Amino acid sequence: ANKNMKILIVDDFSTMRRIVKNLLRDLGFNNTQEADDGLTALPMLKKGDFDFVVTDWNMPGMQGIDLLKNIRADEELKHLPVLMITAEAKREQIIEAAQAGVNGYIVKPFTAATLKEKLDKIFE
Ligand SMILES: [Mg+2]
């Protein structure tokens with residue numbers, strides 16, 4: 001239930017990456033790294049032996065859902081737990097992400113407490 005887990009944080013707005021990185025810092029996970037887009041995240045996952053991915057859903061290059069799909073179709077990557085960050089869980093979006101295989105979702109603006117709750121849910 002490891003706090004050394006290697007985490008990738010994906011999102012185009014560096015200030016949001018930095019909030020996420022902190023939040024996870026309050027919770028005991030310090031092993032976090034960043035990518036600014038699914039285009040930049042895929043090569044980091046592919047070569048860097050990650051355990052966990054927190055991805056925004058809206059990115060101009062390759063969208064959250066395209067990253068998730070790329071991860072799930074890669075035998076190497078296929079086991080990764082993925083939390084998606086959304087500005088609003090319209091159900092059509094959550095449904096579609098669940099189909100695509102996400103482990104959970106969390107609505108922004110979120111908190112540490114909600115982050116943990118979400119972390120617990122996914123990992124069972
Ligand atoms: Mg975004």
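The analysis underlying the following values was restricted to heavy atoms, covering all of them including side chains, and did not include hydrogens, waters or symmetry mates. We're numbering straight along the sequence, starting at 1.
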Which atom pair, heavy atoms only, marks the closest approach of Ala97 to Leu68? O-CD2, 3.7 Å
Inter- and intrachain pairs under salt bridge (charged side-chain N to carboxylate O under 4.0 Å, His left out), touching residues 59-71, at least two apart: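 Residue pairs passing salt bridge (charged side-chain N to carboxylate O under 4.0 Å, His left out), neighbours aside: none found.
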Residue pairs involving residues 34-44 (criterion salt bridge (charged side-chain N to carboxylate O under 4.0 Å, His left out); sequence neighbours excluded):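 Residue pairs passing salt bridge (charged side-chain N to carboxylate O under 4.0 Å, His left out), neighbours aside: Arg17-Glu34.
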Set of residues satisfying salt bridge (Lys or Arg N to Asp or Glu O under 4.0 Å) with respect to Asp74, sequence neighbours excluded: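 Partners of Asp74 by the salt bridge (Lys or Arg N to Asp or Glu O under 4.0 Å) criterion, ordered by chain and then number, come out as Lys46.
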Please tabulate, for the side chains in residues 105-115, all donor-acceptor contacts under 3.5 angstrom to protein atoms that are two or more places apart in sequence or on a different chain.
from   : atom 1 : to     : atom 2 : distance (Å)
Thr111 : OG1    : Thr114 : N      : 3.2
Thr111 : OG1    : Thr114 : OG1    : 2.9

Taking side chain to side chain donor-acceptor pair (under 3.5 Å) as the test, write out the residues that go with [X], two or more places apart.
X: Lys118; value: none
X: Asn31; value: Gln33
X: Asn103; value: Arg72

Please list all pairs meeting ring pair (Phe, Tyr, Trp, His ring centres under 6.0 Å) that have one or both residues in residues 35-67, counting only residues at least two apart or in different chains. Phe52-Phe123
Can you tell me how far CG of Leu42 sits from CG of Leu67, rounded to the nearest 0.5 angstrom?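 Answer rounded to 0.5 Å: 6.0 Å.
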To the closest 0.5 Å, what do you measure between CD1 (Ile65) and CG (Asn70)? 11.0 Å
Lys121 atom NZ: more than 12 heavy-atom contacts under 6.0 Å: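 Not buried by this count: 12 neighbours or fewer within 6.0 Å.
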Same cluster (ILVMFWY, side-chain, under 4.5 Å), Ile71 and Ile122: no
When you group the ILVMFWY residues by side-chain heavy-atom contacts below 4.5 Å and let the links chain together, are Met59 and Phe13 in the same group?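 In one cluster with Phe13: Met59, no.
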Tell me which donor-acceptor pairs under 3.5 Å the side chains of residues 18-26 have, and how far apart each pair is, sequence neighbours excluded?
from  : atom 1 : to    : atom 2 : distance (Å)
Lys21 : NZ     : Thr32 : O      : 2.8
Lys21 : NZ     : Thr32 : OG1    : 2.8
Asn22 : OD1    : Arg25 : NH2    : 3.3
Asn22 : ND2    : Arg18 : O      : 3.3

Only distances under 3.5 Å count here; give the side-chain donor-acceptor pairs of residues 77-92 to other protein atoms, sequence neighbours excluded, each with its distance to 0.1 Å.
from  : atom 1 : to    : atom 2 : distance (Å)
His79 : ND1    : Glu76 : O      : 3.3
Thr86 : OG1    : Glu88 : N      : 3.2
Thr86 : OG1    : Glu88 : O      : 3.1
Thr86 : OG1    : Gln93 : OE1    : 2.8

Set of side-chain contact (heavy atoms from CB on, under 4.5 Å) partners for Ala35, sequence neighbours left out: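 If we apply the side-chain contact (heavy atoms from CB on, under 4.5 Å) test to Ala35, skipping adjacent residues, the hits are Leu8, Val10, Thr40, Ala41, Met44.
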